[PDB]
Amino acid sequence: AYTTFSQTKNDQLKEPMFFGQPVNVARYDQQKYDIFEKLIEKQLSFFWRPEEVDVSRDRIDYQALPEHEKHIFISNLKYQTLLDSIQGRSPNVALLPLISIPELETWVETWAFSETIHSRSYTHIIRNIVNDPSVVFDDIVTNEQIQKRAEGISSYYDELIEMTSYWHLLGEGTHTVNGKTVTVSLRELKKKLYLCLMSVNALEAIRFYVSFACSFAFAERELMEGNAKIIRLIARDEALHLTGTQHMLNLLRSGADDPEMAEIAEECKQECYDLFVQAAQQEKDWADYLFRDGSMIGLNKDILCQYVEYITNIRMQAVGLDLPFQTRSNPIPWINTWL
């Protein structure tokens, strides 16, 4: 029942963000929510290409790094490339079929596109610092630690796409699939969406910000400066991306957009809190892997775990969740100059 051009002339100003009539005409003279129009415009204004950044000195730095410092740098880079491999495609495959207002439709496609630039920038970095990029790229899919995070993150998107496919084909109700019982509930699909957005918000607002700290710690030592300039550009995009999911999550939560979402968001409250806590703990456990073979000037397991708690508290509050950790000051204030 999904359609790439819905024939009904609907008032797009009254549609909900999600699960309404698929957007027919893409117009930009008006918005229900102008934050999405402001995010499009800002992301457009930021357009950059990786090749605009000189990464030619980073091979020298990378080779001069002690082996455990190479391990810190490349593990971090591998994790970023994993995450924006998912982010390049997943907003488009998972969110587009559900969007019912043009400004959010176009924001999501602009968001995903900006992720492909990030993915291309990671390739630009990798091929300029290692001799065999395939070894790096292949380790991303087979790395025991990396593959752990990939599973959980992608499952939020996959479960949403699968249930979407059932809902578009069958609609709500209980159905027969080769003698199996399939209960299709829009309330449940709305739950899958809200949890997915919560997971995506933790991804961009916490998981990538932990990784930014690792990259900029090298830059603080005047090393891997080409990488650091690219990460500055990525982080500036990332701030737009998390603002997007913050607004989607809060507009759903308030009931201003879908009153059914407000009560779903309350039912999901503990499960949202738990998923944020788990992601923060997973990033703490990732720090044990990053520093498995030793630490470096300005960054170690303890410092980075403090930063996880610091940033997690900020992000959870902004989407209305209680704080899981003691309130603390920024343990790495030097990171602010890069952001």
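Heads up: residue numbers just count along the shown sequence, starting at 1. Whichever C-alpha set is largest while still superposing within 1.5 Å between the two forms counts as the rigid core.
Colleague: Core-aligned, which moves more in 4 other deposited structures of this protein: 193 to 201 or 145 to 153, by CA RMS?
Modeller: The stretch that sits farther from the shown form in 4 other deposited structures of this protein is 145 to 153.
Colleague: To spell it out: superpose each other structure in 4 other deposited structures of this protein onto this one by the rigid core, compute Cα RMS over structures and residues for 176 to 184 and for 109 to 117. Which is larger?
Modeller: This comes out as 176 to 184, the stretch further from the shown form in 4 other deposited structures of this protein.
Colleague: Comparing 224 to 232 with 174 to 182, which stretch shows the greater average C-alpha B-factor in the deposited entry?
Modeller: Between 224 to 232 and 174 to 182, it is 174 to 182.
Colleague: Look up the CA B-factors in the entry and say which stretch, 148 to 156 or 212 to 220, has the higher mean.
Modeller: Stretch with the greater average CA B-factor: 148 to 156.
Colleague: Name the residue from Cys268, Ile125, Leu240, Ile117 with the greatest C-alpha temperature factor listed in the entry.
Modeller: Spelled out: the listed residue with the top C-alpha B-factor is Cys268.
Colleague: Can you pull the Cα B-factors for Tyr166, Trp107, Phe73, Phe137 from the entry and say which is highest?
Modeller: If I rank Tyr166, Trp107, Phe73, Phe137 by C-alpha B-factor, first place goes to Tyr166.
Colleague: Where does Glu41 sit by CA temperature factor within its chain: lowest, middle or highest third?
Modeller: Its C-alpha B-factor belongs to the lowest third of this chain's values.
Colleague: Rank-wise, by C-alpha B-factor, drop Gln278 into the lowest, middle or highest third of its chain.
Modeller: According to the entry, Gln278 has a C-alpha B-factor in the chain's highest third.
Colleague: Could you tell me which third, lowest, middle or highest, the C-alpha B-factor of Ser199 occupies within its chain?
Modeller: Its C-alpha B-factor belongs to the middle third of this chain's values.
Colleague: Which third, lowest, middle or highest, does the CA B-factor of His247 fall in along this chain?
Modeller: Its C-alpha B-factor belongs to the middle third of this chain's values.
Colleague: Test of reading the entry: by CA B factor among the chain's modelled residues, which third contains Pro102?
Modeller: Within its chain, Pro102 is a middle-third residue by C-alpha B-factor, going by the deposited values.
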